[PDB]
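Remarks on the structure that follows.
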Amino acid sequence: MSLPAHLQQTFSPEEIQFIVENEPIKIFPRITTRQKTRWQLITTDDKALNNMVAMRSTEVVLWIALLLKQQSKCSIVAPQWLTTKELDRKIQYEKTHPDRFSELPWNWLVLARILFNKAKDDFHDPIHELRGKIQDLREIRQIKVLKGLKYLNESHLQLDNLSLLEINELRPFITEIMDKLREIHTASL
Amino acid sequence: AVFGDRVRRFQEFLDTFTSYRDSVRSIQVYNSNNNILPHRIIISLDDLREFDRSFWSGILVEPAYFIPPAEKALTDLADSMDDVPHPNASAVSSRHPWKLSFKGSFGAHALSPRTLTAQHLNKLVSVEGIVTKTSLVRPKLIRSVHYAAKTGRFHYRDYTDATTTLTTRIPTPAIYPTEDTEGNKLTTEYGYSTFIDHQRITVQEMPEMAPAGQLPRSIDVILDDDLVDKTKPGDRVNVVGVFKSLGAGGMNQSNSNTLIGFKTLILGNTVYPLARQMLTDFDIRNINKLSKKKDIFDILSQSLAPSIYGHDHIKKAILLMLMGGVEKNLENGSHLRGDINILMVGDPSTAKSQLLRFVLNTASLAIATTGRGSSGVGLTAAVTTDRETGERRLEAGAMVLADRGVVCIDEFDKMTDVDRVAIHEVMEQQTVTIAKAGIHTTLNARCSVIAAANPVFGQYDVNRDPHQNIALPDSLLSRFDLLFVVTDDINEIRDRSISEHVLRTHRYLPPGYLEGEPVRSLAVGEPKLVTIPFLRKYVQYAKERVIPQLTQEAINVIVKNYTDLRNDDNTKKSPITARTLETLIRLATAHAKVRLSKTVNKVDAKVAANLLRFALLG
Amino acid sequence: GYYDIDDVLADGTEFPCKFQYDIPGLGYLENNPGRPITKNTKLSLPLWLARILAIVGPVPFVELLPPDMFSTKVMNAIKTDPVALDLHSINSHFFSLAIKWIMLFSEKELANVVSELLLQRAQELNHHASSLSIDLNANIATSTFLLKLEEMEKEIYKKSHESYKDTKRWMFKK
Amino acid sequence: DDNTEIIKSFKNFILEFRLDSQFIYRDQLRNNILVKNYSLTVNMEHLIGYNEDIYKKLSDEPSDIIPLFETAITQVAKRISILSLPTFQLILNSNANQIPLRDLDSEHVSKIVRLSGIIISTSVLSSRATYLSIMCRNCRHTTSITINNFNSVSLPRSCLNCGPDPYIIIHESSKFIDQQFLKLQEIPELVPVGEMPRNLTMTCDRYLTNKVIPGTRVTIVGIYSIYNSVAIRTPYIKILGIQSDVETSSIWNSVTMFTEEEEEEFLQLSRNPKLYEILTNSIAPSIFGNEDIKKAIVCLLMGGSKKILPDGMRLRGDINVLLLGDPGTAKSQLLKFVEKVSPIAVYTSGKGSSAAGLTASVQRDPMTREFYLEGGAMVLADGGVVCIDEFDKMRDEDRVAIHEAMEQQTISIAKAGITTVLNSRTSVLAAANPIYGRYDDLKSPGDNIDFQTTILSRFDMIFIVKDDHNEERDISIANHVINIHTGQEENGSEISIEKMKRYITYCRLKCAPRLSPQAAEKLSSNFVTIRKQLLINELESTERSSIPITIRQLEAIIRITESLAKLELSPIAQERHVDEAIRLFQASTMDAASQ
Amino acid sequence: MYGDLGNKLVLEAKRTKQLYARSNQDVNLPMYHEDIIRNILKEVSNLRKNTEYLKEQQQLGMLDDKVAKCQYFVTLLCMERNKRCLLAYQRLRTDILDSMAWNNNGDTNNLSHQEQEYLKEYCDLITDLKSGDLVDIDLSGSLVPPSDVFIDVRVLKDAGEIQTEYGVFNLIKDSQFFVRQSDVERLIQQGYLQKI
DNA sequence: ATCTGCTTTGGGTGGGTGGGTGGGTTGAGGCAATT
DNA sequence: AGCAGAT
Ligand SMILES: Nc1ncnc2c1ncn2[C@@H]1O[C@H](COP(=O)(O)OP(=O)(O)OP(=O)(O)O)[C@@H](O)[C@H]1O
Ligand SMILES: Nc1ncnc2c1ncn2[C@@H]1O[C@H](COP(=O)(O)OP(=O)(O)OP(=O)(O)O)[C@@H](O)[C@H]1O
Ligand SMILES: [Mg+2]
Ligand SMILES: [Mg+2]
Ligand SMILES: [Zn+2]
């Protein structure tokens with residue numbers, strides 16, 4: 001009908017990327033738009049863009065930042081959680097707590113993929129090391145998800161600190177299996 | 001430590017379920033009254049799973065560490081039950097512990113000889129297949145008891161082997177002790193020693209279940225004590241046991257190969273046949289009610305091979321052959337056979353082979369052979385050597401294996417004279433005489449032969465006499481009760497009918513499948529057409545508990561028919577003889593069997609006469 | 001659902017039944033047409049007919065006998081090893097008929113058995129759906145397990161496999 | 001010392017190897033552990049790219065480093081799947097030049113080699129030890145041993161007084177793996193001048209077992225080594241990888257080995273409106289004319305559909321074709337092509353064959369003195385096609401030994417105690433000559449054919465190919481053959497042998513059409529007319545027809561209809577296929593009978 | 001029995017759904033099963049005749065209450081089952097037609113005349129919806145989020161100098177453009193352009 | 001006088017660079033000569 | 001286990 005069958009009840013990875021690209025990020029303008037034309041937006045705030053000064057930290061929407069970076073007119077400042085040391089700490093936290101997920105942002109995978117693809121010269125650590133660390137973290141969280149899937153039931157379930165992309169991956173299996181369990185239980189009464 | 005705990009846990013299981021206790025008590029009572037039941041108990045794995053999951057999982061995955069405790073617990077229970085006042089010295093010295101046997105549902109351990117791999121070693125498995133070999137039963141020493149005359153006390157010694165127990169122990173050579181610890185002379189007391197029987201069989205994968213272009217595989221099995229002679233070659237069995245490995249497997253420096261694996265085999269716990277149907281009171285009453293019908297013969301005959309058009313009389317003959325006659329042996333020595341042999345000769349594509357295959361599938365026991373695929377030795381028996389003991393013996397052939405059953409011979413005319421002689425002897429005498437390799441014996445082969453042959457020129461010729469049309473000897477021909485000559489005569493109505501029937505048959509779709517889907521257990525213990533299973537039950541019942549006797553009226557009918565038949569101008573496709581009288585009596589007796597009657601009446605004689613007349617004079 | 005094709009197919013399976021009255025002119029239910037159907041007759045009717053005949057009729061018109069798909073043997077096989085069991089052969093719409101049966105008779109033993117079977121099977125279902133092949137230059141187990149899946153499990157597996165495949169394609173898109 | 005460093009190096013390859021943005025081996029390992037396949041297939045071109053030094057070690061001493069790369073894989077697998085598992089198998093892929101089977105000699109001992117051949121025999125699986133638990137006879141001291149299957153191991157000779165060899169294995173605590181033996185014969189073309197083909201013994205482990213069947217061409221990567229059975233050693237190859245063009249696993253079990261992407265191609269090809277023409281043109285592109293025989297060969301390759309009735313009767317689903325004709329007709333070339341296109345096929349000459357050579361033969365093992373059964377041509381071709389050339393030279397007995405296997409598709413044996421009924425579901429494609437070499441029209445048809453009616457009725461379609469001297473056709477054939485001699489369409493009018501073979505496999509394992517009522521009525525009317533036509537022809541001539549028309553021909557027409565339907569993945573066979581089937585039957589068997 | 005034809009029709013509907021799911025881009029509705037539907041409706045007609053005969057017999061006949069109830073119940077249930085199967089098949093086909101109508105901006109021999117009329121007036125409805133207050137949005141637009149502003153595209157099939165709303169594009173076969181995705185999104189949808 | 005060490009039966013848990021004039025002997029299948 | 005050899 002109006003909506004394809006693969007977009008029903010769930011989001012596509014491109015939809016998740018679209019959602020992620022509206023969060024603010026920090027950039028270093030390579031131009032001085034501030035006056036001592038003008039941006040006119042309706043979906044976000046435009047004061048920051050109208051007030052830019054060379055080599056001065058400022059915050060804008062992620063998609064505008066990517067558009068500016070495409071023109072070599074801004075250098076994205078990578079988040080603080082995306083350094084080598086922070087990823088080692090998160091890996092250690094995951095290793096020592098088999099029964100819980102680490103406190104990574106809800107967009108760590110998507111943002112990592114976007115920034116590695118687009119801004120390769122804006123990180124202060126070698127890119128290969130960061131890719132390896134993210135891969136390790138993904139494997140640990142996958143083990144934890146596999147172990148936690150054994151507690152599906154006709155009642156609620158809790159998956160704290162699970163990120164958006166992982167939840168999107170698992171939404172069909174979890175929802176349908178739990179729905180069938182609920183249907184059986186309800187038929188029982 | 002753990003062993004005692006497990007024995008306690010199994011003892012608590014036997015307490016919770018009282019059926020096993022009742023069975024043990026009944027076995028002991030029956031033994032006391034007395035021929036003798038063995039000390040074996042069948043436990044349901046499902047009940048054990050319901051009771052204690054850990055014990056069930058251990059018995060399925062680590063039987064070595066969990067079966068001996070259960071056997072000991074059962075033996076302790078039985079001993080606590082025993083109340084025999086005076087135990088005989090043999091009984092006191094006897095080493096006869098209670099053995100455990102399993103049933104129920106094996107989830108993923110239900111396998112076949114092809115699917116057994118190294119991953120399944122040291123686990124309880126159930127295997128299905130055909131028994132192809134069977135060694136000779138030889139006693140095996142377990143315990144020896146001696147007597148010291150001077151000291152006046154008995155001693156004993158315990159022996160163990162790799163195949164007599166599930167846990168590895170130090171080997172014990174079978175040398176009997178001769179001197180006491182202090183140097184006294186010891187005399188063995190054989191009457192108080194303990195020996196058990198021992199046999200090894202080979203189970204082969206079912207040929208029809210094999211992959212494409214691969215010959216079936218087999219596995220070796222060991223049966224001890226009361227499981228020794230529960231199977232014979234050619235039987236379909238389901239064997240439960242523990243998959244093991246033996247020997248050093250080339251790890252000893254004597255063998256320099258360095259590329260040979262370990263030996264493997266199964267120690268059986270149970271054997272389950274897959275041949276006789278168990279009749280219920282409902283089945284018996286239904287059989288009787290049907291037999292009271294006046295057209296039961298026609299219904300049963302038509303029910304045979306519903307997918308073959310026509311051939312009513314051949315189907316009737318096949319029914320009478322499945323029922324058989326009555327075997328009589330006289331005091332003087334004459335031994336009259338009660339089996340019916342049938343020969344079909346006709347043009348190509350007349351459904352002879354399909355009738356043979358249907359008889360193969362329906363009959364309780366049936367062996368398949370062809371003309372060019374068989375041999376004289378392969379039909380009677382072969383001389384081989386026993387691997388276990390290295391002793392000369394005989395292996396039964398197709399005719400011997402089919403004793404008290406049926407043997408279907410396809411392409412009877414493509415055999416050789418040397419191979420035809422064996423069948424001639426078997427049909428003439430119903431026995432097999434063997435004189436080879438210093439062996440003299442007489443094997444029993446009491447089977448019914450149903451065969452199909454082609455004329456000499458590949459198509460029956462009406463002009464030429466029957467002798468010129470068939471290449472088989474007259475002596476061999478006289479041994480067939482009914483000779484059916486079937487011709488493919490082109491006709492319009494008949495062709496339309498047969499073509500419509502074939503087209504209808506070719507459009508069948510089995511339930512559980514979609515259109516265009518090409519065609520491809522759960523437990524081990526466990527004018528309307530009559531279904532094949534009910535036909536088998538009817539045949540079993542009738543040929544098991546009916547022995548009709550002749551009566552003067554049937555006698556008059558038979559004598560009149562024989563007299564008229566022999567001296568009649570009309571030519572016969574086969575020559576009348578005194579053997580025709582025996583065939584008439586046999587057919588009448590078989591038809592009486594069909595009706596579940598104790599006497600042969602006029603109707604049976606009139607049916608036999610009509611069948612023989614159709615066979616002889618079309 | 002009324003328009004759900006799988007449900008329409010499921011409602012068409014045959015269940016054993018036993019009539020309890022004497023109804024002339026109902027032969028077509030039996031093989032023969034145009035003959036009276038005597039009482040205590042045993043015959044297999046489609047679910048959409050048998051259910052309504054069983055609830056409508058005091059003594060209803062028919063009584064539902066235990067189907068061979070919910071027998072003791074099948075339950076024991078389910079409990080022993082759920083993953084290895086071949087559900088497709090027992091019935092291609094096993095779970096739907098099971099839910100309908102539970103609702104009809106409100107029996108909880110079957111409910112618990114079926115729930116445990118479904119959970120244990122779903123574990124392996126996700127194990128297989130999560131496994132995505134790779135091409136180095138530029139299997140058997142997965143196929144044998146797929147052959148055994150029931151229709152509803154086959155839909156769930158397809159959906160999960162497509163979701164995993166889409167996420168992997170997006171993440172490693174050059 | 002060095003072993004730990006080598007293990008560390010191979011562990012860093014599995015954790016650091018990325019060609020773009022995907023870790024190929026880390027992800028391959030996780031995906032394999034999830035489906036219970038404890039192995040990793042590594043391409044040696046990737047290892048030569050990470051660090052050439054690691055390849056130098058793996059190639060200089062293969063049986064010492066391969067065991068240290070397996071333990072690295074196991075450690076990485078534990079790190080990836082277990083949040084704090086037997087030793088993992090390593091399967092290798094290489095593109096190095098293939099050494100001919102007969103060129104392997106002392107210069108290649110203990111080296112990685114690649115070679116091709118034909119598998120002629122496979123053994124029953126054995127069990128090799130991987131972890132022994134041992135005990136001492138006297139002092140009862142418990143110990144364990146660990147074994148890798150790479151030979152250059154035995155129980156300790158001295159205990160840890162205790163006499164020599166004091167240790168006995170405790171079996172209920174040991175673990176074993178699977179081992180298989182294979183015989184590899186060299187390809188017929190590679191063989192040197194005037195030499196018999198040579199064999200070579202091979203062994204595979206764990207996940208490389210039950211991967212091949214006798215008679216299939218394979219490519220092998222392994223180690224050419226030696227084992228002592230005086231100062232000579234018998235060579236053998238330790239398999240490290242198997243690659244084959246035949247999906248034997250799909251053929252024995254279900255449908256497998258077809259990717260969804262590969263499966264999509266087959267559906268697209270089936271949707272082609274004129275797939276029949278493409279397949280007909282794709283058979284023997286180098287043989288001119290003979291379109292009807294090529295359509296018959298397409299139908300034979302496709303096969304019908306087999307039915308098992310409730311009462312137990314089985315209906316044959318294969319099609320048998322006979323080619324009778326004059327010399328130079330290209331019957332042998334058609335047979336040699338069909339042997340090469342079919343997934344399973346055997347080419348045999350009726351003269352150089354025997355009753356036991358076909359079917360199965362009884363053989364005695366010289367060691368055990370026990371008779372066993374070995375399959376012949378019809379068993380080796382099970383599930384495929386047998387091409388019996390020179391069908392007229394076969395002896396009467398050897399030909400009679402084929403009736404049951406051709407009709408009932410089973411080989412009943414009763415010899416030397418062995419009593420069984422094997423399975424042989426094969427299609428026979430036979431070529432023969434008339435009595436006088438050329439079909440002489442002057443004499444009656446009963447004089448040109450020495451085959452009996454029984455054997456002939458078993459053939460679905462009989463082609464009596466006659467060579468007529470026509471100037472136009474002769475010029476056309478001359479031009480075609482000269483073009484062949486002096487001289488690639490692949491534009492939707494022809495598909496290569498590989499694609500056609502894969503499509504045959506897919507169709508056979510995916511479709512089994514059924515007749516609709518209209519087709520049944522049509523075929524039934526046609527059978528009545530054909531039988532009447534034989535009777536009118538017979539009444540005219542005293543002689544009894546030499547080519548028969550029995551119920552088997554009706555079943556053959558049904559099989560041809562079903563094969564034509566299956567060709568296009570149509571679950572139902574309609575009249576549009578019945579008409580073609582009737583046309584082919586009239587073009588071959590009624591044509592032969594009319595003369 | 002009395003629902004075998006409906007079961008066969010629903011099986012064909014299932015096959016149609018499976019084909020639609022498997023197919024990647026090109027979907028063609030199988031030929032409308034006119035024959036099976038004709039047979040089903042004929043069967044419903046005989047069932048109606050049976051109900052009328054039963055009522056007539058009850059009005060003047062020896063029939064009893066229980067027997068009449070049972071037969072009148074078994075006939076009604078059969079009619080209901082046939083109706084359900086028919087409606088399920090038709091609804092599946094209509095859903096695929098809706099999907100096709102939305103995929104285009106707004107062969108046919110397979111469809112029955114009723115389905116042809118349905119599709120025509122449904123496209124009319126879609127265009128009417130597009131004409132309303134949602135004009136600024138291209139309701140039958142692309143459902144993939146916009147990611148890149150400028151894309152490289154290649155002309156897949158030769159055509160004249162098509163004059164789109166956004167401008168003039170000289171669609172020469174085998175020629176590349178550096179343009180904004182928003183402008184050439186329709187041409188990509190039709191197949192005149194490819195993203196590469 | 002004591003300690004150290006090899007090899008059977010006969011059989012494939014020694015083999016075919018030890019052979020069959022050192023014994024393990026029927027069954028099947030192919031080939032020449034006889035027909 | 002009996003017999004063949006080295007300390
Ligand atoms: N009366 C019949 N009804 C149905 N099928 C028949 C009939 N007669 C022959 N056939 C068909 O004949 C086919 C093969 O013939 P069959 O093998 O039964 O003949 P046969 O008498 O053993 O021939 P031959 O002399 O070649 O050994 C079977 O598929 C069966 O379908
Ligand atoms: N279109 C063709 N028709 C006939 N022969 C051809 C054709 N193309 C090539 N040939 C030649 O046919 C020869 C092969 O012989 P062919 O297969 O025709 O013999 P046959 O008739 O089957 O056998 P025989 O002569 O023993 O009866 C090869 O030399 C090949 O070059
Ligand atoms: Mg036959
Ligand atoms: Mg030739
Ligand atoms: Zn010791």
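Following the order of the structure tokens, chains are lettered A, B, ..., residues in each are numbered from 1, and ligands are numbered from 1.
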Quiz item: Which residues come within 12 Å of residue D:339, counting only C-alpha atoms (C1' of nucleotides), excluding same-chain residues fewer than 6 positions away, as a list in words?
Solution: residues 283, 284, 297, 301, 332, 333, 345, 346, 347, 348, 381, 384, 385, 386, 387, 388, 389, 427, 428, 429, 430, 497 and 501 of chain D
Self-check item: All strand (DSSP E) positions in stretch 53-148 of chain A, as a list in words
Solution: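 After running DSSP on the backbone, stretch 53-148 of chain A has strand (DSSP E) at residues 58, 59, 60, 61, 74, 75, 76 and 77 of chain A.
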Limited to N, CA, C and O atoms, could you put the picked residues into a file as a PDB file, in the first residue's frame?
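Here's the written file again-v6.pdb:
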```
ATOM      1  N   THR A  58      32.210  26.095  18.237  1.00  0.00           N
ATOM      2  CA  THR A  58      30.791  26.411  18.172  1.00  0.00           C
ATOM      3  C   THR A  58      30.029  25.134  17.858  1.00  0.00           C
ATOM      4  O   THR A  58      30.609  24.135  17.427  1.00  0.00           O
ATOM      5  N   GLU A  59      28.719  25.180  18.080  1.00  0.00           N
ATOM      6  CA  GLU A  59      27.853  24.015  17.954  1.00  0.00           C
ATOM      7  C   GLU A  59      26.814  24.259  16.871  1.00  0.00           C
ATOM      8  O   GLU A  59      26.158  25.305  16.856  1.00  0.00           O
ATOM      9  N   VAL A  60      26.667  23.291  15.968  1.00  0.00           N
ATOM     10  CA  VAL A  60      25.681  23.325  14.898  1.00  0.00           C
ATOM     11  C   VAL A  60      25.122  21.918  14.717  1.00  0.00           C
ATOM     12  O   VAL A  60      25.581  20.960  15.342  1.00  0.00           O
ATOM     13  N   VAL A  61      24.117  21.797  13.847  1.00  0.00           N
ATOM     14  CA  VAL A  61      23.529  20.491  13.574  1.00  0.00           C
ATOM     15  C   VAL A  61      24.534  19.636  12.813  1.00  0.00           C
ATOM     16  O   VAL A  61      25.406  20.145  12.098  1.00  0.00           O
ATOM     17  N   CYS A  74      35.285  23.810   7.588  1.00  0.00           N
ATOM     18  CA  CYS A  74      35.121  23.550   9.011  1.00  0.00           C
ATOM     19  C   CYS A  74      35.747  22.204   9.332  1.00  0.00           C
ATOM     20  O   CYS A  74      35.722  21.295   8.500  1.00  0.00           O
ATOM     21  N   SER A  75      36.308  22.086  10.531  1.00  0.00           N
ATOM     22  CA  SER A  75      36.903  20.845  11.008  1.00  0.00           C
ATOM     23  C   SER A  75      36.088  20.343  12.191  1.00  0.00           C
ATOM     24  O   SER A  75      36.052  20.987  13.244  1.00  0.00           O
ATOM     25  N   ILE A  76      35.438  19.193  12.015  1.00  0.00           N
ATOM     26  CA  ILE A  76      34.607  18.631  13.071  1.00  0.00           C
ATOM     27  C   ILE A  76      35.491  18.220  14.239  1.00  0.00           C
ATOM     28  O   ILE A  76      36.534  17.581  14.055  1.00  0.00           O
ATOM     29  N   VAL A  77      35.080  18.586  15.448  1.00  0.00           N
ATOM     30  CA  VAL A  77      35.771  18.172  16.662  1.00  0.00           C
ATOM     31  C   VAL A  77      35.107  16.886  17.142  1.00  0.00           C
ATOM     32  O   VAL A  77      33.935  16.888  17.525  1.00  0.00           O
TER      33      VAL A  77
END
```
Practice problem: Would you please work out which residue, of B:153, B:606, B:9, B:352, is nearest to ligand 3 when using only C-alpha atoms and all ligand atoms? | Solution: B:352
Quiz prompt | Shortest interatomic distance to ligand 3 - which of B:25, B:414, B:185, B:446, counting only C-alpha atoms and all ligand atoms | solution = B:414
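Considering only C-alpha atoms (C1' of nucleotides) and all ligand atoms, the residues that reside within 7 Å of ligand 3 can be listed as residues 352, 353, 410 and 411 of chain B; 404 of chain D.
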Take the residues just selected and output them with N, CA and C atoms as a tab-separated table (two decimals), in the first residue's frame.
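The resulting out24.tsv:
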```
chain	number	residue	atom	x	y	z
B	352	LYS	N	3.84	-57.83	-14.20
B	352	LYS	CA	4.34	-58.97	-13.44
B	352	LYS	C	5.28	-58.52	-12.33
B	353	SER	N	6.25	-57.67	-12.66
B	353	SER	CA	7.20	-57.19	-11.67
B	353	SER	C	6.54	-56.36	-10.58
B	410	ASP	N	12.43	-62.71	-9.93
B	410	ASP	CA	12.15	-61.94	-11.14
B	410	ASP	C	13.10	-62.38	-12.24
B	411	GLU	N	12.58	-62.45	-13.47
B	411	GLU	CA	13.37	-62.89	-14.62
B	411	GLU	C	13.79	-64.35	-14.45
D	404	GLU	N	16.17	-54.98	-14.95
D	404	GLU	CA	15.60	-54.56	-13.67
D	404	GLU	C	16.11	-53.18	-13.28
```
Self-check item: Contacts of ligand 5, 7 Å or closer, only C-alpha atoms (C1' of nucleotides) and all ligand atoms, given as a PyMOL selection string
Solution: chain D and resi 136-141+159-160+162+166
Exercise. Could you report the residues within 8 Å of ligand 1, using only C-alpha atoms (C1' of nucleotides) and all ligand atoms, as number ranges by chain?
Key: B: 307-311, 346-355, 410-411, 452-454, 458, 498, 501-502; D: 314-316, 403-404, 407-408, 454-455, 457-458, 550-552, 555
Quiz item: Mind listing as a list in words which residues of chain D are within 10 Å of chain A, counting only C-alpha atoms?
Solution: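 Close to chain A, chain D has residues 15, 16, 18, 21, 22, 23, 26, 27, 30, 79, 80, 81, 82, 83 and 84 of chain D.
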Using only C-alpha atoms, find each residue of stretch 6-27 of chain C with at least one atom at most 10 Å away from an atom of stretch 59-68 of chain E; report its shortest atom-to-atom pair and that distance in Å (one decimal), sort the rows by chain and rising residue number, and return the result as a tab-separated table.
```
residue	atom	partner	partner_atom	distance
C:21	CA	E:66	CA	8.8
C:22	CA	E:67	CA	7.9
C:23	CA	E:67	CA	5.3
C:24	CA	E:67	CA	6.8
C:25	CA	E:67	CA	8.3
C:26	CA	E:67	CA	9.1
```
Exercise. Could you tell me, counting only C-alpha atoms (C1' of nucleotides) and all ligand atoms, which protein and nucleic acid residues lie no more than 7 Å from ligand 2, written as a list in words?
Key: residues 286, 287, 288, 289, 325, 326, 327, 328, 329, 330, 331, 332, 333, 431, 432, 433, 477 and 481 of chain D
Quiz item: Do you know which residues are at most 10 Å from residue B:2 counting only C-alpha atoms (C1' of nucleotides), after dropping those on the same chain fewer than 3 positions away, and could you put them as an NGL selection string?
Solution: :B and (5-8 or 65 or 69)
Write the residues of the selection above to a file with C-alpha atoms, as a tab-separated table (two decimals), in the first residue's frame.
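File produced: selection-v5.tsv:
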```tsv
chain	number	residue	atom	x	y	z
B	5	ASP	CA	25.08	-40.39	45.84
B	6	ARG	CA	23.94	-41.42	42.33
B	7	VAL	CA	22.94	-44.89	43.67
B	8	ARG	CA	20.82	-43.09	46.32
B	65	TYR	CA	29.22	-42.83	35.09
B	69	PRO	CA	24.96	-46.77	39.77
```
Run DSSP on the backbone and grab whatever in stretch 86-120 of chain E lands in helix (DSSP H, G or I); send it over as an mmCIF file with C-alpha atoms, in the first residue's frame.
```cif
data_model
loop_
_atom_site.group_PDB
_atom_site.id
_atom_site.type_symbol
_atom_site.label_atom_id
_atom_site.label_comp_id
_atom_site.auth_asym_id
_atom_site.auth_seq_id
_atom_site.Cartn_x
_atom_site.Cartn_y
_atom_site.Cartn_z
ATOM 1 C CA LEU E 86 -12.631 -15.425 -2.051
ATOM 2 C CA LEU E 87 -12.290 -12.205 -0.065
ATOM 3 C CA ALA E 88 -8.777 -13.078 1.105
ATOM 4 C CA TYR E 89 -7.605 -13.700 -2.464
ATOM 5 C CA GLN E 90 -9.208 -10.505 -3.755
ATOM 6 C CA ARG E 91 -7.806 -8.442 -0.876
ATOM 7 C CA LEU E 92 -4.269 -9.689 -1.514
ATOM 8 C CA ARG E 93 -4.528 -8.758 -5.186
ATOM 9 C CA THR E 94 -5.956 -5.338 -4.314
ATOM 10 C CA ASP E 95 -3.110 -4.708 -1.864
ATOM 11 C CA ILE E 96 -0.539 -5.416 -4.570
ATOM 12 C CA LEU E 97 -2.473 -3.119 -6.917
ATOM 13 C CA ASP E 98 -2.367 -0.365 -4.289
ATOM 14 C CA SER E 99 1.388 -0.805 -3.938
ATOM 15 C CA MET E 100 1.839 -0.542 -7.706
ATOM 16 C CA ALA E 101 -0.382 2.540 -7.927
ATOM 17 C CA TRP E 102 1.704 4.283 -5.270
ATOM 18 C CA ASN E 103 5.029 3.195 -6.790
ATOM 19 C CA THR E 108 -3.081 -5.112 -17.752
ATOM 20 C CA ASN E 109 -4.604 -8.161 -19.476
ATOM 21 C CA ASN E 110 -3.986 -10.118 -16.261
ATOM 22 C CA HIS E 113 -12.254 -5.626 -15.543
ATOM 23 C CA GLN E 114 -13.309 -4.923 -11.952
ATOM 24 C CA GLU E 115 -9.657 -4.715 -10.911
ATOM 25 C CA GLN E 116 -8.943 -2.439 -13.878
ATOM 26 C CA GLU E 117 -11.701 -0.044 -12.813
ATOM 27 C CA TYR E 118 -10.456 -0.194 -9.220
ATOM 28 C CA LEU E 119 -6.901 0.663 -10.255
ATOM 29 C CA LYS E 120 -8.018 3.515 -12.511
#
```
Quiz item: For ligand 4, which of D:178, D:392, D:261, D:1 is the closest residue, counting only C-alpha atoms and all ligand atoms?
Solution: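 For ligand 4, the nearest of the candidates is D:392.
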Quiz prompt | Contact set, chain F to chain B: 12 Å, only C-alpha atoms (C1' of nucleotides), as a count of residues only | solution = 11
